[PDB]
Structure formats: structure tokens, C-alpha cells
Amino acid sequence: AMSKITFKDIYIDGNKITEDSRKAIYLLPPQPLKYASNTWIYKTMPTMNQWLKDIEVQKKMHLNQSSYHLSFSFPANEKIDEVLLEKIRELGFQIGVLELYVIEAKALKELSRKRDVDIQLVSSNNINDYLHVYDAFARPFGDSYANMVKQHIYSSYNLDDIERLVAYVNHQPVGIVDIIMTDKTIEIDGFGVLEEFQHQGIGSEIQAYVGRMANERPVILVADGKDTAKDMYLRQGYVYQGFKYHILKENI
């Protein structure tokens, strides 16, 4: 049953505009600068020529809402043909891989050691502590991008259905994670612990907490190449369950 889990179970924070047998197109017109909410998810491999045509479509959509990047995911567990890779490189895209990790709840429950780490659901009361930790995270697209993602969370955190955690050690906020719950699964996203507080059991407390929420729901996540928590995931017991290629050009 945790066997059957796939990339389809992973949450996407866009509006789905179109979905057909080859691709799903996502946009978030009020937030055209969020790269993860504005993208094409392929279901079947485009030929090189198809891909060129799809560039043109996406280029128009995005410029129409003042989005300035381009991005695509390719099918689960499919390698891209040479000829298309070659084009991808020539058009100045970054190539990366998303990896799907899966684990059974009980395995995360087991991680608990009754450390003194106080873990709270975020509300208007502690939301700033959450963002405070967030502020420490790698910023691969620079400051102003991180800041506009901050503003988005800070104004959509009740409103949205996503739940969030902040861990404290001695009343200082130190760890965060987002959780997306469904009947079938629970997905974590945006997990991080401040550098100075790593490798000392704080992440595994957060994980076991999520584990206790899950019940017997599997818990799942997706990580890319610039994800430093991955090492932690493996040591923690997560099982690798497939990949997606994905490309990004930050400027049309």
C-alpha cells in the first residue's frame, strides 16, 4: 500500500489549468513569480519538436501574467532522450532530478526520544517564529525571491489547508515543517532545522510528531538535488521510490 504510492500523491500549489494525457499545466496568476506554482508537469515524453512548441505556449502564458521563467517536469521514472537533452542544454535550462521518498508512520514514531523540544501548530501567535526559521534557509533564487515567498506564506497560512510546525528549544524557534494531509497519505515539505541545532535529535523529534499525526497513513516527501535534509531522510529510514527530471530557466 505504501508500495503503490506515486508522484501523483505529491501536492502542487498551483491551479490546474489543463490536464490531458500528455501534460498538466499549472499557473497561479496572482503569484506569477513562484516557480513551483507555474509549470508544466508532463505525463508522457514530448519529442524534441513537441517540446519546442510547448516552450512557445508556456512562454506566452507566462509573459501574459508577468511570469518570466520557464519550467517543466518530465514523466515519473523516465530518462530523457539525448536529442532533447541536447536541446535543453542549448536553450540554457538547468537540469535536475526530483526524488520521491516514502516511509511508514510507525517507523517515524519510533524515532522519538522524549528530548526537550516543544512542538507547536503554527497560528497567528507563533507565525513569526516559523518565518524566522524560514529566513535561515538556503536561498537559491536570491533574497527578494525568498522574501516574496515569505509574504505569500504570511498571508495564506490560515486560509490554506496546509498545516505547519515550529519546534522550540529553550523558547527559541529552531525547526519547521509543512504538512499536507489527505486520507491516504501525509506529505511533508519545507522541512528544516537551523544549522547550529542540527544532528542533535531535533529533526527526529519533528519527524516522530508528524508520524504520530499520520496514524497508519504513510508519510511522503519529494526532495531535489539542492536539499541538504536528504542525508537525514536516509538515516531516518525513508525509502527511495522513483525520480523525475525537471528543468528551469529563471529568465525567458
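Throughout, we count residues from 1 along the sequence that is shown.
Look at the mean CA B-factor for 67-75 and for 142-150 in the entry; the higher one is 142-150. Mean CA temperature factor is higher for 218-226 when stretches 218-226 and 56-64 are set side by side in the entry. For the set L100, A105, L85, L121, the PDB entry puts the maximum C-alpha B factor at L121. For the set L27, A36, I202, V210, the PDB entry assigns the largest Cα B-factor to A36. Among the modelled residues of its chain, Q31 has a C-alpha B-factor that falls in the highest third according to the deposited record.
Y11 sits in the highest third of its chain by CA B factor, as recorded in the PDB entry.
Looking at the C-alpha B-factors along this chain, the one for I206 belongs to the lowest third. Sort the modelled residues of the chain by CA B factor and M232 lands in the highest third.
In this PDB entry, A167 carries a Cα temperature factor that places it within the lowest third of its chain's modelled residues.
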